[PDB]
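A short worksheet on the structure shown next.
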Amino acid sequence: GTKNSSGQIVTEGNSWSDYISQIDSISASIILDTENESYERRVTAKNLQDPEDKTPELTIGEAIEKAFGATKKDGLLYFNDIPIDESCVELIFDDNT
Amino acid sequence: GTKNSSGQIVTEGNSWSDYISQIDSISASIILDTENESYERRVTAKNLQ
Amino acid sequence: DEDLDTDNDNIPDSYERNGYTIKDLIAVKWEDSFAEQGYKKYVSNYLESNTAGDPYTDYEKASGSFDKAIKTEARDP
């Protein structure tokens with residue numbers, strides 16, 4: 001949904017398909033799973049190879065803190081009174097990453 | 001195919017039928033045949049009348 | 001000395017001579033001490049805009065502001 005000049009929004013001719021692949025070309029995929037729901041986000045990264053690219057980069061802990069709305073409490077990370085660390089969950093990577 | 005002002009070309013609503021007969025009204029037809037292919041061209045002539 | 005015939009938004013001398021380089025969305029002269037920075041060299045055409053029959057022009061193709069899913073070796077014209 002996007003709004004034109006008259007203040008109303010329109011959903012006609014605006015597909016979601018023609019923004020899929022581009023996002024999956026430039027982003028990292030982060031999947032969280034609690035015991036009730038799941039969450040899946042895409043965060044943009046910095047291609048370090050080509051030097052005209054100006055994208056402000058982060059680390060993976062910063063990206064987890066930024067993507068989900070998660071409070072830094074005493075240095076650690078808390079999300080809906082759940083502790084999230086590198087020491088208190090299970091991390092799953094595929095072999096290339 | 002013809003190109004508009006934005007540099008891209010369009011093929012929609014441009015038929016080839018509505019230029020057939022006019023060409024066949026004003027041209028001479030030349031057919032060459034070699035032993036591998038054939039070629040057929042139309043060259044305009046001069047109505048002397 | 002900006003006598004570009006086609007409006008491909010770039011210097012015809014930097015077209016026909018040595019080359020050029022898109023930096024900060026502008027086209028500057030090709031330097032010989034730029035390969036170490038990560039930049040590359042592009043050589044193109046001036047008498048026509050789309051010098052490979054792509055749907056995009058040279059300025060759309062060098063500065064990669066055309067589609068982000070295109071692989072990076074399809075950047076040079």
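Read-outs throughout are calculated quantities, based only on the coordinates presented, and are distinct from any laboratory measurement. Cβ placement follows ideal geometry from the backbone for every residue including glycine, while neighbour counts extend to all protein chains displayed.
Count the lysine pairs in chain A whose Cα atoms sit under 25 Å apart, keeping only pairs 8 or more residues apart in sequence or on different chains. Taking chain A as the scope, the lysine pair count is 4.
Helix-only mean residue ellipticity at 222 nm, chain A, DSSP H runs n ≥ 4 weighted -39,500 (n - 2.57), per residue, nearest 500. What is it? Theoretical 222 nm ellipticity from helices: -4000 deg cm²/dmol.
Diffusion of the protein assembly as shown by Stokes-Einstein, at 37 °C in a medium of 0.692 mPa s and with Rh set to the Kirkwood radius over alpha-carbon pairs, works out to 134 µm²/s. Computed with the Debye formula from one identical point scatterer per Cα of chain C, without solvent, the log10 of I(q)/I(0) at q = 0.18 Å⁻¹ comes to -0.70. Per residue, chain C reaches -2500 deg cm²/dmol at 222 nm when only DSSP H runs of four or more residues are counted, each adding -39500 (n - 2.57). Restricted to Cα atoms, chain B shows a radius of gyration and a Dmax of 16.1, 44 angstrom. Using equal-weight Cα scatterers in the Debye expression, the normalised intensity of the range A:39-97 in log10 at q = 0.19, 0.28, 0.29 Å⁻¹ is -0.85, -1.28, -1.32.
What size of dipole, in debye to the nearest 20, comes out for chain A about its Cα centre when the only charges are +1 on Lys and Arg C-beta atoms and -1 on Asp and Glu C-beta atoms?
That gives chain A a dipole magnitude of about 560 debye.
Across the residues of C:34-44, average count of Cβ atoms on other protein chains within 10 Å? Walk me through the numbers before you get to the answer.
Working: counts 1, 0, 0, 2, 6, 3, 1, 0, 0, 0, 0.
For this peptide, the per-residue mean of nearby foreign Cβ atoms is 1.
For a straight C-alpha distance cut-off of 18 angstrom, the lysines reachable from residue C:41 (same-chain residues fewer than eight places away being disregarded) are C:23, C:29, C:61, C:71.
If you take all other residues with their beta carbon under 15 Å from the beta carbon of residue B:34, and give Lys and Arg +1 and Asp and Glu -1, the sum is -3.
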